[PDB]
$ cat protein_16.txt   # compact mmCIF, C-alpha atoms and all ligand atoms
# COMPACT_ATOMS: atom_id res chain seq x y z
CA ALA G 11 -10.52 -9.63 -7.30
CA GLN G 12 -7.00 -9.90 -8.75
CA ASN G 13 -4.67 -6.82 -8.65
CA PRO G 14 -7.05 -4.58 -6.67
CA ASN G 15 -4.52 -1.70 -6.31
CA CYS G 16 -4.24 -1.64 -10.21
CA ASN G 17 -0.47 -1.96 -10.28
CA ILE G 18 1.41 -2.41 -13.55
CA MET G 19 2.32 -6.07 -13.83
CA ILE G 20 5.39 -7.52 -15.57
CA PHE G 21 5.28 -10.89 -17.27
CA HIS G 22 8.03 -13.33 -18.28
CA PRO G 23 6.40 -15.94 -20.58
CA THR G 24 8.34 -19.05 -21.50
CA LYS G 25 8.90 -19.92 -25.17
CA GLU G 26 6.00 -22.33 -24.94
CA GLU G 27 3.67 -19.74 -23.46
CA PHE G 28 4.78 -17.28 -26.24
CA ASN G 29 3.14 -19.38 -28.96
CA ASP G 30 -0.46 -18.47 -28.54
CA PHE G 31 -0.92 -14.69 -28.32
CA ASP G 32 -4.67 -14.60 -27.52
CA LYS G 33 -4.29 -17.22 -24.82
CA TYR G 34 -1.48 -15.26 -23.09
CA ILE G 35 -3.47 -11.99 -23.15
CA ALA G 36 -6.31 -13.87 -21.52
CA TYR G 37 -3.86 -15.30 -18.91
CA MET G 38 -2.59 -11.83 -18.06
CA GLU G 39 -6.15 -10.62 -17.55
CA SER G 40 -6.84 -13.68 -15.29
CA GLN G 41 -4.15 -12.28 -13.04
CA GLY G 42 -5.62 -8.77 -13.09
CA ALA G 43 -3.18 -7.09 -15.44
CA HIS G 44 -5.81 -5.05 -17.19
CA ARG G 45 -6.76 -3.24 -14.05
CA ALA G 46 -3.60 -1.12 -14.35
CA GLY G 47 -4.31 -0.10 -17.96
CA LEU G 48 -0.78 -1.17 -19.00
CA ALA G 49 1.39 -4.34 -18.69
CA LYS G 50 5.02 -5.15 -19.60
CA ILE G 51 5.91 -8.43 -21.35
CA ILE G 52 9.58 -9.51 -21.41
CA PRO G 53 10.02 -12.07 -24.25
CA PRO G 54 11.70 -15.43 -23.57
CA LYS G 55 15.45 -15.34 -24.05
CA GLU G 56 15.18 -17.66 -27.12
CA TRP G 57 13.11 -15.08 -29.03
CA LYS G 58 14.15 -12.37 -31.42
CA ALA G 59 12.17 -9.89 -33.57
CA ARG G 60 14.70 -9.95 -36.37
CA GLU G 61 18.41 -10.76 -36.86
CA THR G 62 19.88 -7.20 -36.86
CA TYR G 63 18.91 -3.54 -37.13
CA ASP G 64 21.95 -2.72 -39.27
CA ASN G 65 20.01 -2.10 -42.47
CA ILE G 66 17.18 0.33 -41.43
CA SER G 67 18.68 3.70 -42.35
CA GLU G 68 17.00 4.02 -45.70
CA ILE G 69 13.45 3.86 -44.33
CA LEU G 70 11.75 7.25 -45.13
CA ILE G 71 10.08 9.44 -42.60
CA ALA G 72 7.89 11.30 -45.11
CA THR G 73 6.42 13.83 -42.59
CA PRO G 74 8.55 14.28 -39.45
CA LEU G 75 6.61 16.23 -36.81
CA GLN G 76 8.12 19.03 -34.65
CA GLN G 77 6.26 18.97 -31.33
CA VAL G 78 5.81 22.55 -30.20
CA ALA G 79 4.53 23.12 -26.62
CA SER G 80 2.37 25.84 -25.10
CA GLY G 81 1.41 26.27 -21.42
CA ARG G 82 3.32 25.64 -18.20
CA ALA G 83 5.81 22.91 -17.39
CA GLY G 84 3.35 20.51 -15.82
CA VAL G 85 0.23 21.39 -17.92
CA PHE G 86 0.75 22.01 -21.61
CA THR G 87 -0.51 21.21 -25.09
CA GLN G 88 1.58 20.37 -28.12
CA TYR G 89 0.98 20.97 -31.81
CA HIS G 90 2.67 19.12 -34.61
CA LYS G 91 4.48 21.21 -37.20
CA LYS G 92 5.24 19.27 -40.38
CA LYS G 93 8.91 19.20 -41.50
CA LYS G 94 10.58 18.06 -44.70
CA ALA G 95 11.08 14.34 -45.34
CA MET G 96 14.17 12.61 -44.09
CA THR G 97 15.56 9.07 -43.92
CA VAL G 98 15.96 7.14 -40.66
CA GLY G 99 19.74 7.66 -41.03
CA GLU G 100 19.30 11.39 -41.32
CA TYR G 101 16.86 11.41 -38.38
CA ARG G 102 19.23 9.37 -36.15
CA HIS G 103 22.02 11.88 -36.83
CA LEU G 104 19.68 14.75 -35.98
CA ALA G 105 18.55 13.03 -32.73
CA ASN G 106 22.29 12.60 -31.74
CA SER G 107 23.16 16.26 -32.53
CA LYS G 108 24.03 18.66 -29.75
CA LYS G 109 20.70 20.52 -30.22
CA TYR G 110 18.56 17.38 -29.67
CA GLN G 111 20.61 14.73 -27.81
CA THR G 112 19.78 13.41 -24.34
CA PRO G 113 21.60 15.43 -21.59
CA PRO G 114 23.91 13.89 -19.09
CA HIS G 115 21.95 12.26 -16.31
CA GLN G 116 22.38 9.91 -13.34
CA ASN G 117 19.56 7.43 -13.89
CA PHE G 118 16.00 7.21 -15.25
CA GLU G 119 14.58 9.19 -12.32
CA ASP G 120 16.95 12.10 -12.90
CA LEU G 121 16.07 12.08 -16.59
CA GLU G 122 12.31 12.08 -15.73
CA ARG G 123 12.88 15.14 -13.53
CA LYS G 124 14.70 16.91 -16.34
CA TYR G 125 11.93 16.00 -18.82
CA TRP G 126 9.16 17.54 -16.69
CA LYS G 127 11.23 20.55 -15.79
CA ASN G 128 12.43 21.43 -19.28
CA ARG G 129 10.26 19.77 -22.02
CA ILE G 130 8.27 22.88 -22.88
CA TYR G 131 11.42 24.84 -23.75
CA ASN G 132 12.39 22.61 -26.65
CA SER G 133 10.63 21.31 -29.81
CA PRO G 134 11.84 17.77 -30.56
CA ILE G 135 11.07 16.07 -33.93
CA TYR G 136 9.05 12.72 -33.92
CA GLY G 137 8.76 10.25 -36.85
CA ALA G 138 5.37 8.91 -35.98
CA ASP G 139 2.69 6.84 -37.41
CA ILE G 140 4.72 5.38 -40.31
CA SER G 141 2.89 2.35 -41.83
CA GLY G 142 5.25 -0.63 -41.84
CA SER G 143 6.95 -3.41 -39.81
CA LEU G 144 10.42 -4.37 -38.64
CA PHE G 145 9.49 -7.97 -37.63
CA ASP G 146 11.15 -10.65 -39.76
CA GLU G 147 8.53 -12.60 -41.70
CA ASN G 148 10.00 -15.74 -40.18
CA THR G 149 9.32 -14.57 -36.59
CA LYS G 150 6.23 -16.58 -35.72
CA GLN G 151 5.64 -15.47 -32.10
CA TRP G 152 4.33 -11.99 -31.18
CA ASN G 153 4.92 -10.69 -34.67
CA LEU G 154 2.86 -7.46 -34.71
CA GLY G 155 2.31 -7.71 -38.48
CA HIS G 156 0.68 -11.24 -38.12
CA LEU G 157 -1.91 -10.71 -35.44
CA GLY G 158 -5.59 -11.57 -35.85
CA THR G 159 -7.39 -8.50 -37.22
CA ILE G 160 -9.94 -6.45 -35.33
CA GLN G 161 -12.35 -6.95 -38.25
CA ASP G 162 -12.07 -10.69 -37.89
CA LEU G 163 -12.60 -10.40 -34.09
CA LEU G 164 -15.78 -8.35 -34.57
CA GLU G 165 -16.95 -10.92 -37.11
CA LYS G 166 -16.19 -13.84 -34.81
CA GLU G 167 -17.95 -12.26 -31.82
CA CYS G 168 -20.90 -10.51 -33.43
CA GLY G 169 -21.32 -12.22 -36.83
CA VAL G 170 -21.10 -9.06 -38.97
CA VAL G 171 -18.56 -9.00 -41.80
CA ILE G 172 -17.03 -5.54 -42.33
CA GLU G 173 -14.53 -3.75 -44.59
CA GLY G 174 -11.21 -2.53 -43.21
CA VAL G 175 -7.70 -3.55 -42.53
CA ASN G 176 -5.41 -3.41 -39.45
CA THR G 177 -1.64 -2.84 -40.00
CA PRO G 178 1.28 -1.79 -37.74
CA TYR G 179 2.98 1.56 -37.42
CA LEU G 180 6.61 2.54 -36.76
CA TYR G 181 7.68 5.37 -34.47
CA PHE G 182 11.15 6.88 -34.58
CA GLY G 183 11.75 9.01 -31.43
CA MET G 184 14.35 11.27 -29.90
CA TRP G 185 14.88 12.90 -26.47
CA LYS G 186 11.73 14.66 -25.26
CA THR G 187 9.46 13.34 -28.02
CA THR G 188 6.08 13.05 -26.37
CA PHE G 189 2.87 11.07 -26.57
CA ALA G 190 -0.09 12.98 -25.14
CA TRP G 191 -2.77 11.58 -22.78
CA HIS G 192 -5.13 9.33 -24.75
CA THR G 193 -6.93 6.06 -25.00
CA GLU G 194 -6.89 4.09 -28.28
CA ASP G 195 -9.38 4.61 -31.12
CA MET G 196 -12.63 2.96 -30.06
CA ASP G 197 -10.94 2.16 -26.72
CA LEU G 198 -9.04 -0.73 -28.35
CA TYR G 199 -6.00 -2.49 -26.92
CA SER G 200 -2.58 -1.54 -28.19
CA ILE G 201 0.70 -3.47 -28.24
CA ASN G 202 4.06 -1.70 -28.58
CA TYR G 203 7.43 -3.28 -29.15
CA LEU G 204 10.59 -1.18 -28.56
CA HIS G 205 12.87 -2.51 -31.34
CA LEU G 206 15.96 -0.51 -30.61
CA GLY G 207 17.58 2.41 -28.88
CA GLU G 208 16.83 4.41 -25.78
CA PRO G 209 13.93 3.82 -23.39
CA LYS G 210 10.34 5.07 -23.35
CA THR G 211 8.70 6.15 -20.05
CA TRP G 212 4.96 5.55 -19.71
CA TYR G 213 2.29 6.91 -17.43
CA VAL G 214 -1.15 5.22 -17.16
CA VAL G 215 -4.52 5.66 -15.42
CA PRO G 216 -6.45 2.49 -14.44
CA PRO G 217 -9.52 2.04 -16.72
CA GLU G 218 -11.83 2.08 -13.74
CA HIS G 219 -10.60 5.62 -12.98
CA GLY G 220 -10.46 7.09 -16.47
CA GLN G 221 -13.30 9.52 -15.89
CA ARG G 222 -11.25 11.12 -13.06
CA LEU G 223 -8.57 11.99 -15.56
CA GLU G 224 -11.18 13.34 -18.01
CA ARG G 225 -12.68 15.58 -15.31
CA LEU G 226 -9.26 17.01 -14.45
CA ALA G 227 -8.49 17.54 -18.10
CA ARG G 228 -11.72 19.55 -18.58
CA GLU G 229 -10.68 21.76 -15.62
CA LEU G 230 -7.09 22.23 -16.92
CA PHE G 231 -7.96 22.80 -20.56
CA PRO G 232 -11.21 24.69 -20.32
CA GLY G 233 -11.34 26.19 -23.87
CA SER G 234 -10.56 22.80 -25.42
CA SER G 235 -13.29 21.18 -23.34
CA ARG G 236 -15.84 23.70 -24.57
CA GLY G 237 -14.83 23.03 -28.17
CA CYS G 238 -15.25 19.24 -27.94
CA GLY G 239 -16.76 16.85 -25.42
CA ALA G 240 -13.98 14.29 -26.20
CA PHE G 241 -10.99 16.54 -26.76
CA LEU G 242 -8.44 14.04 -25.38
CA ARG G 243 -9.11 12.22 -28.73
CA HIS G 244 -7.11 15.08 -30.27
CA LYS G 245 -3.98 13.71 -28.61
CA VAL G 246 -2.50 17.08 -27.67
CA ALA G 247 -2.71 17.47 -23.88
CA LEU G 248 -0.04 16.74 -21.25
CA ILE G 249 -0.34 16.70 -17.46
CA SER G 250 2.68 15.86 -15.28
CA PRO G 251 2.86 13.28 -12.52
CA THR G 252 3.27 16.10 -9.98
CA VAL G 253 0.00 17.68 -11.18
CA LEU G 254 -1.80 14.34 -11.21
CA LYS G 255 -0.68 13.69 -7.56
CA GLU G 256 -1.77 17.20 -6.51
CA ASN G 257 -5.24 16.47 -7.84
CA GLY G 258 -5.54 12.95 -6.46
CA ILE G 259 -5.65 11.16 -9.80
CA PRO G 260 -4.70 7.48 -9.56
CA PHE G 261 -1.84 6.54 -11.93
CA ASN G 262 1.31 4.46 -12.34
CA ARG G 263 4.53 4.80 -14.26
CA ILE G 264 7.07 2.40 -15.83
CA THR G 265 10.04 2.56 -18.22
CA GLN G 266 10.12 0.24 -21.28
CA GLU G 267 13.57 -0.76 -22.62
CA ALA G 268 14.60 -2.12 -25.98
CA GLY G 269 13.42 -5.70 -26.48
CA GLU G 270 10.30 -5.33 -24.35
CA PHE G 271 6.58 -5.27 -25.18
CA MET G 272 3.95 -3.09 -23.60
CA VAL G 273 0.23 -3.81 -23.80
CA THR G 274 -2.35 -1.03 -23.17
CA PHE G 275 -5.83 -2.24 -22.19
CA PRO G 276 -9.26 -0.86 -23.22
CA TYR G 277 -9.91 2.60 -21.84
CA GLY G 278 -6.42 2.80 -20.17
CA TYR G 279 -5.32 6.44 -20.58
CA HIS G 280 -1.61 6.67 -21.22
CA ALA G 281 1.09 9.29 -21.99
CA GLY G 282 4.87 9.31 -22.06
CA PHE G 283 8.19 10.33 -23.57
CA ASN G 284 11.29 8.96 -25.22
CA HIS G 285 14.74 9.12 -23.60
CA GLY G 286 16.77 9.39 -26.83
CA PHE G 287 16.93 7.96 -30.35
CA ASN G 288 14.70 4.87 -30.59
CA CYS G 289 12.34 2.90 -32.81
CA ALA G 290 9.04 1.33 -31.70
CA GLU G 291 6.36 -0.58 -33.53
CA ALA G 292 2.73 -0.65 -32.43
CA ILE G 293 -0.69 -1.87 -33.51
CA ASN G 294 -4.23 -1.95 -32.16
CA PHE G 295 -5.98 -5.25 -31.41
CA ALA G 296 -9.17 -6.56 -29.92
CA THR G 297 -10.37 -9.47 -27.75
CA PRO G 298 -13.88 -10.55 -26.77
CA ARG G 299 -13.67 -8.39 -23.62
CA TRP G 300 -13.10 -5.24 -25.78
CA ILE G 301 -16.52 -5.37 -27.45
CA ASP G 302 -18.33 -3.73 -24.51
CA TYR G 303 -15.70 -0.96 -24.36
CA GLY G 304 -16.05 -0.30 -28.05
CA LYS G 305 -19.75 0.12 -27.70
CA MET G 306 -19.30 2.78 -24.97
CA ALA G 307 -16.24 4.64 -26.36
CA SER G 308 -16.46 8.38 -26.56
CA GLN G 309 -16.08 10.05 -29.80
CA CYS G 310 -14.74 13.34 -31.17
CA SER G 311 -17.21 14.77 -33.74
CA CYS G 312 -15.70 18.36 -33.85
CA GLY G 313 -13.42 17.53 -36.77
CA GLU G 314 -10.06 17.55 -35.05
CA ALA G 315 -9.45 13.89 -34.32
CA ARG G 316 -9.62 12.60 -37.99
CA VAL G 317 -8.80 8.85 -38.09
CA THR G 318 -8.34 5.81 -40.28
CA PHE G 319 -10.65 4.34 -42.83
CA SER G 320 -11.21 1.30 -40.66
CA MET G 321 -12.86 3.19 -37.75
CA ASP G 322 -15.91 3.83 -39.88
CA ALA G 323 -17.23 0.30 -39.60
CA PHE G 324 -16.56 0.10 -35.87
CA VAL G 325 -18.67 3.24 -35.24
CA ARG G 326 -21.31 2.13 -37.74
CA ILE G 327 -21.84 -1.30 -36.20
CA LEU G 328 -21.12 -0.70 -32.49
CA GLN G 329 -22.47 2.89 -32.19
CA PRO G 330 -25.20 3.37 -34.82
CA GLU G 331 -26.87 6.24 -32.89
CA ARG G 332 -23.56 8.20 -32.98
CA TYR G 333 -22.64 7.30 -36.52
CA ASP G 334 -24.19 10.22 -38.46
CA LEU G 335 -22.75 12.92 -36.18
CA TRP G 336 -19.35 11.26 -36.05
CA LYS G 337 -19.19 10.87 -39.84
CA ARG G 338 -20.00 14.60 -40.31
CA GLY G 339 -16.88 15.23 -38.18
CA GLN G 340 -14.90 13.00 -40.52
CA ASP G 341 -16.12 15.06 -43.61
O1 LIG X 1 5.04 5.13 -28.65
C1 LIG X 1 4.33 6.17 -28.83
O2 LIG X 1 4.72 7.32 -29.24
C2 LIG X 1 2.86 6.07 -28.57
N1 LIG X 1 2.37 4.67 -28.49
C3 LIG X 1 1.18 4.40 -28.01
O3 LIG X 1 0.32 5.25 -27.57
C4 LIG X 1 0.74 2.98 -27.96
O4 LIG X 1 1.52 2.07 -28.29
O5 LIG X 1 -0.47 2.88 -27.63
MG MG X 2 16.77 0.78 -44.93
NI NI X 3 -1.55 4.58 -27.40
ZN ZN X 4 -12.91 16.97 -31.12
$ encode --input "protein_16.txt" --output "structure tokens"
Amino acid sequence: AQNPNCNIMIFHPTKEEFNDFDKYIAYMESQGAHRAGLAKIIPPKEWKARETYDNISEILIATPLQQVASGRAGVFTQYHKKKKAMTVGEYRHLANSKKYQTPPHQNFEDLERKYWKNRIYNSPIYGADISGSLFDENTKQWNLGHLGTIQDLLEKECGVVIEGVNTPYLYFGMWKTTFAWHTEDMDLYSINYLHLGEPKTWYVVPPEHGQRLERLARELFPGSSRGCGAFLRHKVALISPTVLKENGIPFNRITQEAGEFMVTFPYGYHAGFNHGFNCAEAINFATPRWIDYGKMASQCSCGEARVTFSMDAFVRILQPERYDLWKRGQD
């Protein structure tokens, strides 16, 4: 078995290997990458996502989210308070202000220490989940707005034609902005490209060990667990690496820099934070190997998780027994 310790693998495809996206995902899996839950892909030196980032400041962040924490430093939840709209240029200035800017630090490890020590005492503002793309239309390789759609994959594998579309999302981050422990909707893959700015640190649990994380989460968030049998679908809970180590939960960590891709694999729990002002783009995708994960994915039916239009068909076709309860949660 390849990669039996479930380490995060880093890949350096050549320009020729960068042509066929599906084939390269399948290559990475042949080497065991999926066992970690997360892989890094460094594009060939010949590649670029677009010519410059000099003209992005007029993009609108219609609903910036202030991420307010409750709990203790290593075990907390966050809620998202909606703020007034602002442009990317306005947001960048805010991120660079004395109130929100990254503190002086020695290296990534020192900054990680400061994050876990101090995150709860601040409420950074995240421009998340903004439909759109920063890839040039002429970029033909690993262009996250030109991938094969998950609807087409389901149709190719299973023969059923379904409604729905699949488009990318932009994320504008600042110091301490946080993504809570989650897997993707319907335990899909994700791909994330860091277009510009400061790094993003990731933490990930191997898919084969995801239920260990879930069991710890039910212990650590006992009221939430009683409210919903899939409350990590709410995307609000954080658990530090120190706490994970104290409870014997297998995980790995890595820092993504500008110009790098990350791929999350089906049922790979992940969480993380941004180091400073940055912009990422991400999208869900599927492969043939996903179908069995989609069929077994947990679902939130309590009403909190509320998701896209396009998840309806996935639940309806892959999980018909769960469909009626899940849809009641949607309504
Ligand atoms: O970058 C973020 O804030 C969160 N991204 C993801 O969870 C992802 O790409 O799957
Ligand atoms: Mg602009
Ligand atoms: Ni994700
Ligand atoms: Zn729920």
$ residues_near_ligand --input "protein_16.txt" --ligand "ligand LIG 1 (chain X)" --cutoff "10 Å" --atoms "only C-alpha atoms and all ligand atoms" --output "ChimeraX atom specification"
/G:48,136-139,179-183,187-195,198-204,210-212,245,271-275,278-284,288-294
$ closest_residue --input "protein_16.txt" --among "G:242, G:268, G:72, G:306" --to "ligand NI 3 (chain X)" --atoms "all atoms listed in the file"
G:242
$ closest_residue --input "protein_16.txt" --among "G:250, G:148, G:67, G:153" --to "ligand MG 2 (chain X)" --atoms "only C-alpha atoms and all ligand atoms"
G:67
$ closest_residue --input "protein_16.txt" --among "G:120, G:302, G:323, G:297" --to "residue 166 of chain G" --atoms "only C-alpha atoms"
G:297
$ atom_distance --input "protein_16.txt" --atom1 "atom CA of residue 59 of chain G" --atom2 "atom CA of residue 205 of chain G"
7.7 Å
$ atom_distance --input "protein_16.txt" --atom1 "atom CA of residue 300 of chain G" --atom2 "atom CA of residue 31 of chain G"
15.6 Å
$ closest_residue --input "protein_16.txt" --among "G:141, G:209, G:47, G:329" --to "residue 117 of chain G" --atoms "all atoms listed in the file"
G:209
$ closest_residue --input "protein_16.txt" --among "G:255, G:60, G:12, G:285" --to "residue 106 of chain G" --atoms "all atoms listed in the file"
G:285
$ residues_near_point --input "protein_16.txt" --point "(-16.9, 12.8, -28.7)" --cutoff "9 Å" --atoms "all atoms listed in the file" --output "mmCIF file with C-alpha atoms, keeping the file's coordinate frame"
data_model
loop_
_atom_site.group_PDB
_atom_site.id
_atom_site.type_symbol
_atom_site.label_atom_id
_atom_site.label_comp_id
_atom_site.auth_asym_id
_atom_site.auth_seq_id
_atom_site.Cartn_x
_atom_site.Cartn_y
_atom_site.Cartn_z
ATOM 1 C CA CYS G 238 -15.250 19.240 -27.940
ATOM 2 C CA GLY G 239 -16.760 16.850 -25.420
ATOM 3 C CA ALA G 240 -13.980 14.290 -26.200
ATOM 4 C CA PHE G 241 -10.990 16.540 -26.760
ATOM 5 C CA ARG G 243 -9.110 12.220 -28.730
ATOM 6 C CA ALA G 307 -16.240 4.640 -26.360
ATOM 7 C CA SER G 308 -16.460 8.380 -26.560
ATOM 8 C CA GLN G 309 -16.080 10.050 -29.800
ATOM 9 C CA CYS G 310 -14.740 13.340 -31.170
ATOM 10 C CA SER G 311 -17.210 14.770 -33.740
ATOM 11 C CA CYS G 312 -15.700 18.360 -33.850
ATOM 12 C CA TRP G 336 -19.350 11.260 -36.050
#
$ closest_residue --input "protein_16.txt" --among "G:301, G:196, G:20, G:83" --to "residue 123 of chain G" --atoms "only C-alpha atoms"
G:83
$ atom_distance --input "protein_16.txt" --atom1 "atom CA of residue 316 of chain G" --atom2 "atom CA of residue 340 of chain G"
5.9 Å
$ residues_around --input "protein_16.txt" --residues "residue 160 of chain G" --least-positions-apart "5" --cutoff "8 Å" --atoms "only C-alpha atoms" --output "ChimeraX atom specification"
/G:176,294-296
$ residues_around --input "protein_16.txt" --residues "residue 113 of chain G" --least-positions-apart "6" --cutoff "10 Å" --atoms "all atoms listed in the file" --output "PDB file with C-alpha atoms, in the frame of the given file"
ATOM      1  CA  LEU G 121      16.070  12.080 -16.590  1.00  0.00           C
ATOM      2  CA  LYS G 124      14.700  16.910 -16.340  1.00  0.00           C
ATOM      3  CA  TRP G 185      14.880  12.900 -26.470  1.00  0.00           C
ATOM      4  CA  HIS G 285      14.740   9.120 -23.600  1.00  0.00           C
ATOM      5  CA  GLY G 286      16.770   9.390 -26.830  1.00  0.00           C
TER       6      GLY G 286
END
$ residues_near_ligand --input "protein_16.txt" --ligand "ligand MG 2 (chain X)" --cutoff "7 Å" --atoms "only C-alpha atoms and all ligand atoms" --output "PDB file with C-alpha atoms, in the coordinates of the input"
ATOM      1  CA  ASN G  65      20.010  -2.100 -42.470  1.00  0.00           C
ATOM      2  CA  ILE G  66      17.180   0.330 -41.430  1.00  0.00           C
ATOM      3  CA  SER G  67      18.680   3.700 -42.350  1.00  0.00           C
ATOM      4  CA  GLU G  68      17.000   4.020 -45.700  1.00  0.00           C
ATOM      5  CA  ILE G  69      13.450   3.860 -44.330  1.00  0.00           C
TER       6      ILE G  69
END
$ residues_near_point --input "protein_16.txt" --point "(20.2, 13.1, -30.5)" --cutoff "8 Å" --atoms "only C-alpha atoms" --output "ChimeraX atom specification"
/G:102-112,184-185,286-287
$ write_last_selection --input "protein_16.txt" --atoms "C-alpha atoms" --output "mmCIF file, in the coordinates of the input"
data_model
loop_
_atom_site.group_PDB
_atom_site.id
_atom_site.type_symbol
_atom_site.label_atom_id
_atom_site.label_comp_id
_atom_site.auth_asym_id
_atom_site.auth_seq_id
_atom_site.Cartn_x
_atom_site.Cartn_y
_atom_site.Cartn_z
ATOM 1 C CA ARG G 102 19.230 9.370 -36.150
ATOM 2 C CA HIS G 103 22.020 11.880 -36.830
ATOM 3 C CA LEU G 104 19.680 14.750 -35.980
ATOM 4 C CA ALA G 105 18.550 13.030 -32.730
ATOM 5 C CA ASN G 106 22.290 12.600 -31.740
ATOM 6 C CA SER G 107 23.160 16.260 -32.530
ATOM 7 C CA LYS G 108 24.030 18.660 -29.750
ATOM 8 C CA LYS G 109 20.700 20.520 -30.220
ATOM 9 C CA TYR G 110 18.560 17.380 -29.670
ATOM 10 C CA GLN G 111 20.610 14.730 -27.810
ATOM 11 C CA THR G 112 19.780 13.410 -24.340
ATOM 12 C CA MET G 184 14.350 11.270 -29.900
ATOM 13 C CA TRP G 185 14.880 12.900 -26.470
ATOM 14 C CA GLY G 286 16.770 9.390 -26.830
ATOM 15 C CA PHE G 287 16.930 7.960 -30.350
#
$ residues_around --input "protein_16.txt" --residues "residue 337 of chain G" --least-positions-apart "2" --cutoff "10 Å" --atoms "only C-alpha atoms" --output "ChimeraX atom specification"
/G:311,313,316,322,325-326,332-335,339-341
$ build_atoms --input "protein_16.txt" --residues "segment 310-323 of chain G" --atoms "N, CA, C and O atoms" --output "compact mmCIF listing (two decimals), in the coordinates of the input"
# COMPACT_ATOMS: atom_id res chain seq x y z
N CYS G 310 -14.96 11.94 -30.73
CA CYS G 310 -14.74 13.34 -31.17
C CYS G 310 -15.60 13.47 -32.49
O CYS G 310 -15.34 12.76 -33.47
N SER G 311 -16.48 14.40 -32.49
CA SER G 311 -17.21 14.77 -33.74
C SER G 311 -16.95 16.24 -34.19
O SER G 311 -17.65 16.70 -35.11
N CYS G 312 -15.98 16.97 -33.53
CA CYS G 312 -15.70 18.36 -33.85
C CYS G 312 -14.87 18.49 -35.07
O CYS G 312 -14.70 19.61 -35.56
N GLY G 313 -14.24 17.43 -35.57
CA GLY G 313 -13.42 17.53 -36.77
C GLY G 313 -11.95 17.38 -36.53
O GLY G 313 -11.20 17.08 -37.45
N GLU G 314 -11.50 17.57 -35.28
CA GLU G 314 -10.06 17.55 -35.05
C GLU G 314 -9.51 16.16 -35.15
O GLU G 314 -8.50 15.98 -35.84
N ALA G 315 -10.17 15.15 -34.57
CA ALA G 315 -9.45 13.89 -34.32
C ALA G 315 -9.09 13.10 -35.61
O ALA G 315 -8.05 12.44 -35.65
N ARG G 316 -9.84 13.30 -36.68
CA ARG G 316 -9.62 12.60 -37.99
C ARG G 316 -8.74 11.30 -37.94
O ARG G 316 -7.53 11.32 -37.60
N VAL G 317 -9.38 10.18 -38.26
CA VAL G 317 -8.80 8.85 -38.09
C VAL G 317 -8.97 7.97 -39.34
O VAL G 317 -9.54 8.37 -40.36
N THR G 318 -8.38 6.79 -39.24
CA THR G 318 -8.34 5.81 -40.28
C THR G 318 -9.72 5.44 -40.84
O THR G 318 -10.75 5.51 -40.20
N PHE G 319 -9.61 5.00 -42.08
CA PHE G 319 -10.65 4.34 -42.83
C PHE G 319 -11.41 3.27 -42.02
O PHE G 319 -12.62 3.15 -42.09
N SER G 320 -10.67 2.47 -41.28
CA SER G 320 -11.21 1.30 -40.66
C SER G 320 -12.08 1.64 -39.43
O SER G 320 -13.06 0.93 -39.07
N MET G 321 -11.93 2.84 -38.87
CA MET G 321 -12.86 3.19 -37.75
C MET G 321 -14.28 3.37 -38.13
O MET G 321 -15.21 3.15 -37.30
N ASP G 322 -14.54 3.70 -39.40
CA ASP G 322 -15.91 3.83 -39.88
C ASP G 322 -16.78 2.67 -39.52
O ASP G 322 -17.86 2.91 -38.94
N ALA G 323 -16.40 1.44 -39.85
CA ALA G 323 -17.23 0.30 -39.60
C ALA G 323 -17.41 0.07 -38.14
O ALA G 323 -18.45 -0.44 -37.72
